[PDB]
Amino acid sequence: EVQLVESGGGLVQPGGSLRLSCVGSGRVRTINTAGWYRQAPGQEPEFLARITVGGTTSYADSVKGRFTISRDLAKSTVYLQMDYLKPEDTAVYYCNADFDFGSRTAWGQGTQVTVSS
């Protein structure tokens, strides 16, 4: 069993930046990949970025060149560095983790990001 807890987020101006954290607890060494997703108002959740234990990353086009995903294995924490922020980035941001040889999935609780002036 794996639990994910998110922190960071809140209100930021366009052009600002924020860092989100996704802290894993439990059997974290069984985690294979972790990803970030977001759910904008009125829309379904959308994939943003993924990272492997080895640190290989992959990104959706909507955030390529603006958001960065990273992980700290010792802290069992995956990060989303959200830069060059646009009003259209306003959403609830979720992290997930695939574990047990990619056969199970855990989700964080979500954190609101509001980009507004």
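All residue numbers refer to positions in the sequence shown, first residue = 1.
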key: Of 24-32 and 47-55, the one with larger mean CA B-factor   = 24-32
task = Pick between 76-84 and 58-66: the one whose mean CA B-factor in the entry is higher.
result = 58-66
request  = Please place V113 in the lowest, middle or highest third of its chain by C-alpha B factor as given in the entry.
outcome  = lowest
ask   = Compared with the other modelled residues in the chain, in which third is the CA B-factor of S17?
value = lowest
remark   = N96: CA B-factor among chain residues, third -> lowest
